[PDB]
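Structure file entry36.cif with mmCIF, C-alpha atoms:
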data_final
#
loop_
_atom_site.group_PDB
_atom_site.id
_atom_site.type_symbol
_atom_site.label_atom_id
_atom_site.label_comp_id
_atom_site.auth_asym_id
_atom_site.auth_seq_id
_atom_site.Cartn_x
_atom_site.Cartn_y
_atom_site.Cartn_z
ATOM 1 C CA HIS A 200 -15.868 -10.298 28.988
ATOM 2 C CA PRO A 201 -17.364 -7.679 31.298
ATOM 3 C CA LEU A 202 -21.052 -8.507 31.200
ATOM 4 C CA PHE A 203 -22.587 -5.199 32.336
ATOM 5 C CA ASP A 204 -22.839 -1.668 31.021
ATOM 6 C CA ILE A 205 -23.287 0.766 33.877
ATOM 7 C CA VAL A 206 -25.799 3.588 33.248
ATOM 8 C CA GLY A 207 -26.281 5.562 36.438
ATOM 9 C CA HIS A 208 -27.647 3.214 39.068
ATOM 10 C CA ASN A 209 -28.740 0.829 36.276
ATOM 11 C CA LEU A 210 -27.132 -2.141 34.616
ATOM 12 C CA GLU A 211 -27.594 -3.303 31.001
ATOM 13 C CA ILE A 212 -26.668 -6.650 29.547
ATOM 14 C CA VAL A 213 -26.982 -7.843 25.918
ATOM 15 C CA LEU A 214 -29.436 -10.773 25.885
ATOM 16 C CA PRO A 215 -28.879 -13.056 22.914
ATOM 17 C CA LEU A 216 -31.969 -14.880 21.804
ATOM 18 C CA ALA A 217 -32.560 -17.422 19.037
ATOM 19 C CA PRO A 218 -35.205 -16.000 16.769
ATOM 20 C CA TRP A 219 -37.789 -18.585 17.811
ATOM 21 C CA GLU A 220 -37.185 -17.538 21.414
ATOM 22 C CA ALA A 221 -38.227 -13.973 20.544
ATOM 23 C CA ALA A 222 -41.218 -15.065 18.403
ATOM 24 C CA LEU A 223 -42.639 -17.649 20.860
ATOM 25 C CA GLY A 224 -41.559 -16.236 24.196
ATOM 26 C CA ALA A 225 -39.185 -18.128 26.518
ATOM 27 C CA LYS A 226 -38.009 -18.237 30.113
ATOM 28 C CA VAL A 227 -34.280 -17.440 30.206
ATOM 29 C CA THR A 228 -31.650 -17.480 32.926
ATOM 30 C CA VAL A 229 -29.843 -14.198 33.171
ATOM 31 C CA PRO A 230 -26.777 -13.367 35.262
ATOM 32 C CA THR A 231 -26.685 -10.415 37.703
ATOM 33 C CA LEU A 232 -24.049 -9.015 40.075
ATOM 34 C CA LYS A 233 -24.820 -11.814 42.506
ATOM 35 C CA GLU A 234 -27.108 -14.727 41.596
ATOM 36 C CA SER A 235 -28.857 -15.558 38.319
ATOM 37 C CA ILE A 236 -32.538 -14.970 37.716
ATOM 38 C CA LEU A 237 -35.226 -16.368 35.501
ATOM 39 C CA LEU A 238 -36.541 -13.743 32.993
ATOM 40 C CA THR A 239 -39.738 -14.234 31.000
ATOM 41 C CA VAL A 240 -39.317 -13.048 27.440
ATOM 42 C CA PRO A 241 -42.716 -12.149 26.011
ATOM 43 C CA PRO A 242 -43.848 -13.598 22.706
ATOM 44 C CA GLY A 243 -43.372 -11.306 19.704
ATOM 45 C CA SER A 244 -40.325 -9.609 21.228
ATOM 46 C CA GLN A 245 -38.231 -7.361 18.963
ATOM 47 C CA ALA A 246 -34.525 -6.791 18.401
ATOM 48 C CA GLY A 247 -33.388 -4.159 20.843
ATOM 49 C CA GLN A 248 -36.315 -4.432 23.275
ATOM 50 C CA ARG A 249 -35.340 -3.637 26.885
ATOM 51 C CA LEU A 250 -36.652 -6.163 29.382
ATOM 52 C CA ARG A 251 -36.579 -4.608 32.807
ATOM 53 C CA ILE A 252 -35.449 -6.788 35.681
ATOM 54 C CA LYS A 253 -36.372 -4.346 38.409
ATOM 55 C CA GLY A 254 -34.161 -4.238 41.532
ATOM 56 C CA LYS A 255 -31.123 -6.048 40.074
ATOM 57 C CA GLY A 256 -29.094 -2.959 39.203
ATOM 58 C CA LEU A 257 -26.576 -1.269 41.514
ATOM 59 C CA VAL A 258 -27.466 -1.377 45.209
ATOM 60 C CA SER A 259 -26.072 2.077 45.935
ATOM 61 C CA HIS A 262 -30.940 3.378 46.317
ATOM 62 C CA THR A 263 -31.261 0.173 44.224
ATOM 63 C CA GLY A 264 -31.275 0.287 40.421
ATOM 64 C CA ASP A 265 -32.630 -2.060 37.789
ATOM 65 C CA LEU A 266 -31.121 -4.440 35.257
ATOM 66 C CA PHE A 267 -32.153 -4.265 31.604
ATOM 67 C CA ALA A 268 -31.680 -7.221 29.265
ATOM 68 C CA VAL A 269 -31.455 -5.774 25.740
ATOM 69 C CA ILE A 270 -32.485 -8.289 23.127
ATOM 70 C CA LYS A 271 -30.098 -9.138 20.310
ATOM 71 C CA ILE A 272 -31.240 -11.815 17.901
ATOM 72 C CA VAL A 273 -28.558 -14.434 17.166
ATOM 73 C CA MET A 274 -28.525 -17.164 14.481
ATOM 74 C CA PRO A 275 -27.332 -20.731 14.464
ATOM 75 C CA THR A 276 -24.953 -21.821 11.689
ATOM 76 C CA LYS A 277 -25.921 -22.748 8.085
ATOM 77 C CA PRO A 278 -29.098 -24.828 8.225
ATOM 78 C CA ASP A 279 -29.275 -28.431 6.961
ATOM 79 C CA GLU A 280 -31.988 -29.321 4.456
ATOM 80 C CA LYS A 281 -34.764 -29.947 6.994
ATOM 81 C CA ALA A 282 -34.196 -26.572 8.525
ATOM 82 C CA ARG A 283 -34.111 -24.849 5.058
ATOM 83 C CA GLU A 284 -37.498 -26.258 4.130
ATOM 84 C CA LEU A 285 -38.919 -24.886 7.357
ATOM 85 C CA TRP A 286 -37.202 -21.515 6.844
ATOM 86 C CA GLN A 287 -38.731 -21.364 3.355
ATOM 87 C CA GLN A 288 -42.207 -22.033 4.710
ATOM 88 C CA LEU A 289 -41.707 -19.333 7.325
ATOM 89 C CA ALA A 290 -40.414 -16.952 4.723
ATOM 90 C CA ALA A 291 -43.624 -17.670 2.782
ATOM 91 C CA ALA A 292 -45.802 -17.401 5.916
ATOM 92 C CA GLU A 293 -44.342 -14.048 6.835
ATOM 93 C CA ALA A 294 -44.027 -12.643 3.247
ATOM 94 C CA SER A 295 -45.623 -9.291 4.189
ATOM 95 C CA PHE A 296 -42.791 -8.537 6.616
ATOM 96 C CA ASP A 297 -40.479 -5.815 5.274
ATOM 97 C CA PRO A 298 -37.309 -5.697 7.439
ATOM 98 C CA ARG A 299 -35.932 -2.793 5.395
ATOM 99 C CA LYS A 300 -39.028 -0.591 5.550
ATOM 100 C CA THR A 301 -36.737 2.373 6.483
ATOM 101 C CA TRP A 302 -34.763 2.397 3.253
ATOM 102 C CA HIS B 200 -32.656 9.102 10.433
ATOM 103 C CA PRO B 201 -29.197 9.379 8.825
ATOM 104 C CA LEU B 202 -28.132 6.045 7.357
ATOM 105 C CA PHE B 203 -24.341 6.069 7.471
ATOM 106 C CA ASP B 204 -21.999 6.077 10.414
ATOM 107 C CA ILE B 205 -18.562 7.603 9.574
ATOM 108 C CA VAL B 206 -15.379 5.801 10.698
ATOM 109 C CA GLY B 207 -12.222 7.356 9.223
ATOM 110 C CA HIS B 208 -12.674 7.122 5.445
ATOM 111 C CA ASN B 209 -15.192 4.232 5.740
ATOM 112 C CA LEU B 210 -18.927 4.257 6.153
ATOM 113 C CA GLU B 211 -20.979 1.770 8.034
ATOM 114 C CA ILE B 212 -24.672 0.981 7.732
ATOM 115 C CA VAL B 213 -27.002 -1.330 9.682
ATOM 116 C CA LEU B 214 -28.189 -4.128 7.384
ATOM 117 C CA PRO B 215 -31.564 -5.388 8.831
ATOM 118 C CA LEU B 216 -32.264 -9.004 7.883
ATOM 119 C CA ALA B 217 -35.274 -11.144 8.679
ATOM 120 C CA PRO B 218 -34.053 -14.380 10.212
ATOM 121 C CA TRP B 219 -34.966 -16.468 7.104
ATOM 122 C CA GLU B 220 -32.794 -14.131 5.026
ATOM 123 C CA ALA B 221 -29.722 -14.741 7.234
ATOM 124 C CA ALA B 222 -30.341 -18.517 7.314
ATOM 125 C CA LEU B 223 -31.185 -18.932 3.608
ATOM 126 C CA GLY B 224 -29.028 -16.181 2.136
ATOM 127 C CA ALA B 225 -30.412 -13.378 -0.033
ATOM 128 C CA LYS B 226 -29.513 -10.640 -2.500
ATOM 129 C CA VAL B 227 -30.277 -7.227 -0.963
ATOM 130 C CA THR B 228 -30.260 -3.680 -2.451
ATOM 131 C CA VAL B 229 -28.132 -1.418 -0.247
ATOM 132 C CA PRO B 230 -28.088 2.388 -0.368
ATOM 133 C CA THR B 231 -24.816 4.361 -0.867
ATOM 134 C CA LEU B 232 -23.949 8.105 -0.966
ATOM 135 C CA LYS B 233 -24.596 7.727 -4.718
ATOM 136 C CA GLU B 234 -26.096 4.720 -6.469
ATOM 137 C CA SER B 235 -27.588 1.764 -4.601
ATOM 138 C CA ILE B 236 -25.687 -1.503 -4.891
ATOM 139 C CA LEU B 237 -26.547 -5.153 -4.996
ATOM 140 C CA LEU B 238 -25.210 -7.152 -2.090
ATOM 141 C CA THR B 239 -25.093 -10.960 -1.711
ATOM 142 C CA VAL B 240 -25.755 -12.203 1.850
ATOM 143 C CA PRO B 241 -24.442 -15.716 2.307
ATOM 144 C CA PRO B 242 -26.627 -18.462 3.754
ATOM 145 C CA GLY B 243 -25.845 -19.050 7.421
ATOM 146 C CA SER B 244 -25.147 -15.326 7.976
ATOM 147 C CA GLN B 245 -24.624 -14.138 11.563
ATOM 148 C CA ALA B 246 -25.605 -11.145 13.660
ATOM 149 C CA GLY B 247 -22.940 -8.477 13.535
ATOM 150 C CA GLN B 248 -21.184 -9.780 10.450
ATOM 151 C CA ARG B 249 -19.505 -7.040 8.443
ATOM 152 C CA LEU B 250 -20.128 -7.303 4.721
ATOM 153 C CA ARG B 251 -17.710 -5.104 2.701
ATOM 154 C CA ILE B 252 -18.730 -2.980 -0.299
ATOM 155 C CA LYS B 253 -15.449 -1.604 -1.656
ATOM 156 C CA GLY B 254 -15.184 1.988 -2.860
ATOM 157 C CA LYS B 255 -18.566 3.129 -1.441
ATOM 158 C CA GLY B 256 -16.997 4.906 1.514
ATOM 159 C CA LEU B 257 -15.908 8.551 1.573
ATOM 160 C CA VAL B 258 -14.330 9.645 -1.740
ATOM 161 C CA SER B 259 -11.395 12.065 -1.750
ATOM 162 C CA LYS B 260 -9.070 12.720 -4.722
ATOM 163 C CA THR B 261 -6.456 10.912 -2.558
ATOM 164 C CA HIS B 262 -8.297 7.880 -1.116
ATOM 165 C CA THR B 263 -11.710 6.117 -1.308
ATOM 166 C CA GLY B 264 -12.975 4.207 1.709
ATOM 167 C CA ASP B 265 -15.410 1.309 1.788
ATOM 168 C CA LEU B 266 -18.927 0.799 3.081
ATOM 169 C CA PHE B 267 -19.731 -2.029 5.473
ATOM 170 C CA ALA B 268 -23.226 -3.527 5.756
ATOM 171 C CA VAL B 269 -23.378 -4.698 9.407
ATOM 172 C CA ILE B 270 -25.996 -7.427 9.949
ATOM 173 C CA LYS B 271 -28.704 -6.982 12.501
ATOM 174 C CA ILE B 272 -31.400 -9.648 12.621
ATOM 175 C CA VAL B 273 -34.916 -8.190 12.947
ATOM 176 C CA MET B 274 -38.251 -9.825 13.773
ATOM 177 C CA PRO B 275 -41.754 -9.396 12.504
ATOM 178 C CA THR B 276 -44.610 -8.740 14.914
ATOM 179 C CA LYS B 277 -46.133 -11.477 17.101
ATOM 180 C CA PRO B 278 -46.887 -14.553 14.923
ATOM 181 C CA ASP B 279 -50.295 -15.935 13.904
ATOM 182 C CA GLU B 280 -51.092 -19.605 14.463
ATOM 183 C CA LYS B 281 -49.325 -21.111 11.440
ATOM 184 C CA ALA B 282 -46.186 -19.056 11.859
ATOM 185 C CA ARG B 283 -46.091 -20.112 15.507
ATOM 186 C CA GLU B 284 -46.291 -23.763 14.461
ATOM 187 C CA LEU B 285 -43.374 -23.217 12.087
ATOM 188 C CA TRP B 286 -41.288 -21.473 14.746
ATOM 189 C CA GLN B 287 -41.863 -24.494 17.023
ATOM 190 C CA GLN B 288 -40.673 -26.965 14.402
ATOM 191 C CA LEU B 289 -37.602 -24.743 13.760
ATOM 192 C CA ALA B 290 -36.880 -24.663 17.478
ATOM 193 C CA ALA B 291 -37.078 -28.455 17.595
ATOM 194 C CA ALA B 292 -34.926 -28.846 14.428
ATOM 195 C CA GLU B 293 -32.258 -26.452 15.794
ATOM 196 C CA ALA B 294 -32.627 -27.601 19.420
ATOM 197 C CA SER B 295 -28.856 -27.847 19.622
ATOM 198 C CA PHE B 296 -28.280 -24.099 19.249
ATOM 199 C CA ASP B 297 -27.320 -22.435 22.522
ATOM 200 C CA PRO B 298 -27.336 -18.696 21.940
ATOM 201 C CA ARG B 299 -26.329 -18.124 25.572
ATOM 202 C CA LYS B 300 -23.319 -20.415 25.339
ATOM 203 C CA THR B 301 -21.073 -17.660 26.702
ATOM 204 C CA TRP B 302 -23.042 -17.487 30.013
#

Can you turn what I pasted into structure tokens?
Amino acid sequence: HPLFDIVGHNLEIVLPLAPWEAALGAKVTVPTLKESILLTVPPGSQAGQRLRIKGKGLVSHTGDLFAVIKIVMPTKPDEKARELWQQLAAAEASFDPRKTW
Amino acid sequence: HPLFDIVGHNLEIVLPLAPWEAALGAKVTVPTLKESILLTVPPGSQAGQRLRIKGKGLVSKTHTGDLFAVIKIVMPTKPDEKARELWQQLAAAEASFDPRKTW
């Protein structure tokens, strides 16, 4: 619905990325108050990282736009996808997502 | 940092899942204001899904709330060569997924 959170002269938008998009990096089209812009997501990006799109905030002074990464998942994988997910789980076995607890 | 957000008589906690855990499903140990519980995460789980854990909310001699494990997908650090090759194959296998469908 409304796409932007207003924080002072800045704008923030939730940027949904497929997990492979965050891991590999990707070039994504992101909407602004006027026209869309191509944003380069760096490889290895994390949930919640703020990608700054300088100059695309409120043109009061001219603020920035921040695309805040949220990782989104496709639906239940089919068998081919599961096998790959299992390999990746094995590949990244050292990763502890609940290191806090 | 404090783990539980209070909402009326219910508690809410961020449940961090690696993407393979959300896709494949998993059984996770979740903390409570007392004893940790065992929670089943279904395969195909989605970001922001609210998984209920009855009775683990705020206890009062009148009413006991629930605890909700809210899913947040988290990523490891930048991948090595093999992991990168697996991410590519996953991307190709799930090429149909459009996370930015909305836009």

* Hey, which of A:202, A:240, A:294, A:214 ends up closest to residue B:299? Count only C-alpha atoms. ->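 Smallest distance to residue B:299 is found for A:214.
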
From the list A:222, A:266, A:206, A:232, the nearest residue to chain B using only C-alpha atoms is A:222

What would the selection look like, as a list in words, if the PyMOL selection byres ((chain B) within 7 of (chain A)) were run on the coordinates I just shared? residues 215, 216, 217, 218, 219, 222, 223, 242, 243, 245, 246, 272, 273, 274, 275, 276, 277, 278, 282, 283, 285, 286, 289, 290, 292, 296, 298 and 299 of chain B

Can you tell me which residues surround stretch 202-209 of chain B at a distance of at most 6 Å, considering all atoms listed in the file, apart from same-chain residues fewer than 3 positions away, and format the answer as a PyMOL selection string?
chain B and resi 212+256-257+264-266

Check what the PyMOL selection byres ((chain B and resi 230) around 12) selects in the file above and give those residues as a VMD selection string.
(chain A and resid 299 301 to 302) or (chain B and resid 201 to 203 210 to 214 227 to 229 231 to 238 252 255 to 256 266 to 268)

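From atom CA of residue A:251 back to atom CA of residue B:279, the distance works out to 26.0 Å.
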
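With only C-alpha atoms as the atoms that count, the residue of A:237, A:250, A:205, A:225 with the shortest distance to residue A:269 is A:250.
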
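Of note, atom CA of residue A:212 and atom CA of residue A:226 are spaced 16.2 Å apart.
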
- Task: Could you tell me how far atom CA of residue B:251 lies from atom CA of residue B:220, in Å and to one decimal?
- Result: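 Taking atom CA of residue B:251 and atom CA of residue B:220, their separation equals 17.7 Å.
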
Edge lengths and centre in Å to one decimal, as lines of an AutoDock Vina configuration file, of the axis-aligned box that encloses all listed atoms of stretch 211-223 of chain B with 6 Å added on every side?
center_x = -28.1
center_y = -8.6
center_z = 6.9
size_x = 26.3
size_y = 32.7
size_z = 18.6

Among A:253, A:248, A:259, A:204, residue A:236 is approached most closely, using only C-alpha atoms, by A:253

Would you save chain A to a file, keeping C-alpha atoms, as a PDB file, in the first residue's frame?
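Below is the file that was written, result.pdb:
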ATOM      1  CA  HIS A 200       0.000   0.000   0.000  1.00  0.00           C
ATOM      2  CA  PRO A 201       1.967   3.140   0.840  1.00  0.00           C
ATOM      3  CA  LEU A 202       5.474   2.226  -0.240  1.00  0.00           C
ATOM      4  CA  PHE A 203       7.547   4.711   1.790  1.00  0.00           C
ATOM      5  CA  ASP A 204       8.305   5.359   5.433  1.00  0.00           C
ATOM      6  CA  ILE A 205       9.227   8.986   5.954  1.00  0.00           C
ATOM      7  CA  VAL A 206      12.128   9.610   8.377  1.00  0.00           C
ATOM      8  CA  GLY A 207      13.023  13.284   8.331  1.00  0.00           C
ATOM      9  CA  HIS A 208      14.093  14.181   4.818  1.00  0.00           C
ATOM     10  CA  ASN A 209      14.702  10.463   4.125  1.00  0.00           C
ATOM     11  CA  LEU A 210      12.591   7.712   2.662  1.00  0.00           C
ATOM     12  CA  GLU A 211      12.740   3.983   3.506  1.00  0.00           C
ATOM     13  CA  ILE A 212      11.252   1.140   1.537  1.00  0.00           C
ATOM     14  CA  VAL A 213      11.250  -2.599   2.380  1.00  0.00           C
ATOM     15  CA  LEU A 214      13.211  -4.392  -0.368  1.00  0.00           C
ATOM     16  CA  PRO A 215      12.201  -8.028  -0.689  1.00  0.00           C
ATOM     17  CA  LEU A 216      14.927 -10.247  -2.015  1.00  0.00           C
ATOM     18  CA  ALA A 217      15.016 -13.969  -2.796  1.00  0.00           C
ATOM     19  CA  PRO A 218      17.772 -15.472  -0.721  1.00  0.00           C
ATOM     20  CA  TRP A 219      19.953 -16.186  -3.751  1.00  0.00           C
ATOM     21  CA  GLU A 220      19.645 -12.511  -4.669  1.00  0.00           C
ATOM     22  CA  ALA A 221      21.202 -11.553  -1.321  1.00  0.00           C
ATOM     23  CA  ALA A 222      23.909 -14.267  -1.480  1.00  0.00           C
ATOM     24  CA  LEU A 223      24.991 -13.643  -5.109  1.00  0.00           C
ATOM     25  CA  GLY A 224      24.261  -9.957  -5.523  1.00  0.00           C
ATOM     26  CA  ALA A 225      21.700  -8.676  -8.056  1.00  0.00           C
ATOM     27  CA  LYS A 226      20.646  -5.535  -9.881  1.00  0.00           C
ATOM     28  CA  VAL A 227      17.094  -4.636  -8.820  1.00  0.00           C
ATOM     29  CA  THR A 228      14.585  -2.044  -9.963  1.00  0.00           C
ATOM     30  CA  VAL A 229      13.325   0.036  -7.103  1.00  0.00           C
ATOM     31  CA  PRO A 230      10.501   2.583  -7.130  1.00  0.00           C
ATOM     32  CA  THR A 231      10.958   6.181  -5.892  1.00  0.00           C
ATOM     33  CA  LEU A 232       8.656   9.209  -5.634  1.00  0.00           C
ATOM     34  CA  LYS A 233       9.062   9.773  -9.357  1.00  0.00           C
ATOM     35  CA  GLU A 234      10.831   7.260 -11.615  1.00  0.00           C
ATOM     36  CA  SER A 235      12.315   3.846 -10.817  1.00  0.00           C
ATOM     37  CA  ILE A 236      16.020   3.223 -10.434  1.00  0.00           C
ATOM     38  CA  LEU A 237      18.377   0.323 -10.778  1.00  0.00           C
ATOM     39  CA  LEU A 238      20.002  -0.625  -7.406  1.00  0.00           C
ATOM     40  CA  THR A 239      23.011  -2.929  -7.157  1.00  0.00           C
ATOM     41  CA  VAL A 240      22.660  -5.316  -4.253  1.00  0.00           C
ATOM     42  CA  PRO A 241      26.107  -6.454  -3.145  1.00  0.00           C
ATOM     43  CA  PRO A 242      26.883 -10.138  -2.784  1.00  0.00           C
ATOM     44  CA  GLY A 243      26.671 -11.481   0.773  1.00  0.00           C
ATOM     45  CA  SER A 244      23.982  -8.978   1.771  1.00  0.00           C
ATOM     46  CA  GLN A 245      22.190  -9.534   5.094  1.00  0.00           C
ATOM     47  CA  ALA A 246      18.602  -9.313   6.301  1.00  0.00           C
ATOM     48  CA  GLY A 247      17.977  -5.763   7.390  1.00  0.00           C
ATOM     49  CA  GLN A 248      20.906  -4.151   5.553  1.00  0.00           C
ATOM     50  CA  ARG A 249      20.192  -0.557   4.462  1.00  0.00           C
ATOM     51  CA  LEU A 250      21.177   0.143   0.873  1.00  0.00           C
ATOM     52  CA  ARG A 251      21.467   3.865   0.416  1.00  0.00           C
ATOM     53  CA  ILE A 252      20.107   5.333  -2.792  1.00  0.00           C
ATOM     54  CA  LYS A 253      21.495   8.802  -2.253  1.00  0.00           C
ATOM     55  CA  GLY A 254      19.437  11.768  -3.528  1.00  0.00           C
ATOM     56  CA  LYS A 255      16.104   9.937  -3.947  1.00  0.00           C
ATOM     57  CA  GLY A 256      14.556  10.992  -0.644  1.00  0.00           C
ATOM     58  CA  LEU A 257      12.416  14.103  -0.123  1.00  0.00           C
ATOM     59  CA  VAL A 258      13.404  17.103  -2.240  1.00  0.00           C
ATOM     60  CA  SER A 259      12.595  19.637   0.468  1.00  0.00           C
ATOM     61  CA  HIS A 262      17.617  20.087   0.803  1.00  0.00           C
ATOM     62  CA  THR A 263      17.359  16.632  -0.858  1.00  0.00           C
ATOM     63  CA  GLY A 264      17.260  13.444   1.215  1.00  0.00           C
ATOM     64  CA  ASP A 265      18.139   9.852   0.441  1.00  0.00           C
ATOM     65  CA  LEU A 266      16.189   6.646  -0.081  1.00  0.00           C
ATOM     66  CA  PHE A 267      17.110   3.503   1.847  1.00  0.00           C
ATOM     67  CA  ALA A 268      16.099   0.054   0.618  1.00  0.00           C
ATOM     68  CA  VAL A 269      15.983  -2.193   3.702  1.00  0.00           C
ATOM     69  CA  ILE A 270      16.516  -5.817   2.813  1.00  0.00           C
ATOM     70  CA  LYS A 271      13.930  -8.390   3.838  1.00  0.00           C
ATOM     71  CA  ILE A 272      14.554 -11.936   2.692  1.00  0.00           C
ATOM     72  CA  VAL A 273      11.471 -13.600   1.172  1.00  0.00           C
ATOM     73  CA  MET A 274      10.918 -17.278   0.262  1.00  0.00           C
ATOM     74  CA  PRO A 275       9.180 -18.978  -2.608  1.00  0.00           C
ATOM     75  CA  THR A 276       6.566 -21.638  -1.810  1.00  0.00           C
ATOM     76  CA  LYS A 277       7.251 -25.292  -0.832  1.00  0.00           C
ATOM     77  CA  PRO A 278      10.066 -26.585  -3.036  1.00  0.00           C
ATOM     78  CA  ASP A 279       9.632 -29.518  -5.447  1.00  0.00           C
ATOM     79  CA  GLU A 280      12.084 -32.410  -5.213  1.00  0.00           C
ATOM     80  CA  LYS A 281      14.813 -30.869  -7.386  1.00  0.00           C
ATOM     81  CA  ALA A 282      14.835 -27.781  -5.260  1.00  0.00           C
ATOM     82  CA  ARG A 283      14.902 -29.853  -1.989  1.00  0.00           C
ATOM     83  CA  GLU A 284      17.992 -31.738  -3.094  1.00  0.00           C
ATOM     84  CA  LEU A 285      19.720 -28.442  -3.776  1.00  0.00           C
ATOM     85  CA  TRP A 286      18.537 -26.972  -0.458  1.00  0.00           C
ATOM     86  CA  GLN A 287      19.951 -30.042   1.306  1.00  0.00           C
ATOM     87  CA  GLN A 288      23.323 -29.611  -0.369  1.00  0.00           C
ATOM     88  CA  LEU A 289      23.343 -25.949   0.613  1.00  0.00           C
ATOM     89  CA  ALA A 290      22.351 -26.814   4.133  1.00  0.00           C
ATOM     90  CA  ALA A 291      25.339 -29.191   4.161  1.00  0.00           C
ATOM     91  CA  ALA A 292      27.639 -26.621   2.504  1.00  0.00           C
ATOM     92  CA  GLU A 293      26.756 -23.967   5.034  1.00  0.00           C
ATOM     93  CA  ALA A 294      26.543 -26.278   8.125  1.00  0.00           C
ATOM     94  CA  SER A 295      28.677 -23.943  10.285  1.00  0.00           C
ATOM     95  CA  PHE A 296      26.083 -21.175   9.991  1.00  0.00           C
ATOM     96  CA  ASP A 297      24.182 -20.677  13.262  1.00  0.00           C
ATOM     97  CA  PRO A 298      21.146 -18.419  12.604  1.00  0.00           C
ATOM     98  CA  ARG A 299      20.172 -18.531  16.285  1.00  0.00           C
ATOM     99  CA  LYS A 300      23.579 -17.620  17.707  1.00  0.00           C
ATOM    100  CA  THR A 301      21.815 -15.061  19.996  1.00  0.00           C
ATOM    101  CA  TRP A 302      19.759 -17.587  21.927  1.00  0.00           C
TER     102      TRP A 302
END
